[PDB]
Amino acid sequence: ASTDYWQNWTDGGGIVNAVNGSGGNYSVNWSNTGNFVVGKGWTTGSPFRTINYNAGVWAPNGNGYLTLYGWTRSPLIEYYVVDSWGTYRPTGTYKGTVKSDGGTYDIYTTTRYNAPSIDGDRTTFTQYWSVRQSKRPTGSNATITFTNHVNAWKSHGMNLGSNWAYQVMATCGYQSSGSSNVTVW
């Protein structure tokens, strides 16, 4: 499918050279950053969407995630489906596991306090995570069957909000450097 949303957010720290390429393609070169999220996807997320991507380059030198990323409002929730990472594997409060698209993911919940959100300003919100147990190899056509994650989260009392915001296949980083090139469809 054609992507219709371009996400390019940085808190202003360091260098974040994000390129909005042709179709669903984008690349990022980052150096000595603060927090940032770059990615392509859809303006309105869906719990039924099947996301396809191919990360031609996934080369983080530090803390960075290659992850499905999105938000819902009512309640405000930031969610992730992490396929690969750099030096740090994100974890939180363990809820259980889900097998999807050839991999096994651990399910975690964390909370952010006085942090930036899609609404602007700062607030406290919950984060839902599905983190692969082992890094998924990159360079190949990968699929994330999002429904499997949504259903598993629900079975663990992790309900998403009623108002869906954007949903993208992103490159997130925190105080690191690196490069990525990803195509989303």
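One rule holds for the numbers: they count along the sequence shown, beginning at 1.
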Q) Which of the two stretches, 153 to 161 or 137 to 145, shows the higher mean Cα temperature factor in the record? A) 153 to 161
Q.
Tell me which stretch has the larger mean Cα B-factor in this entry, 169 to 177 or 13 to 21.
A. 13 to 21
Q: Identify, among 47, 60, 41, 70, the residue whose C-alpha carries the highest B-factor in the deposited PDB entry.
A: 60
Q | Chain thirds of CA B-factor: placement of residue 115 | A | middle
Q) Hey, what third does residue 102 fall into on Cα B-factor, ranked over its chain? A) highest
Q: Compare the C-alpha B factor of residue 87 with those of the other modelled residues in its chain, then answer lowest, middle or highest third.
A: middle
Q) Taking the entry's C-alpha B-factors for this chain, is residue 33 in the lowest, middle or highest third? A) middle
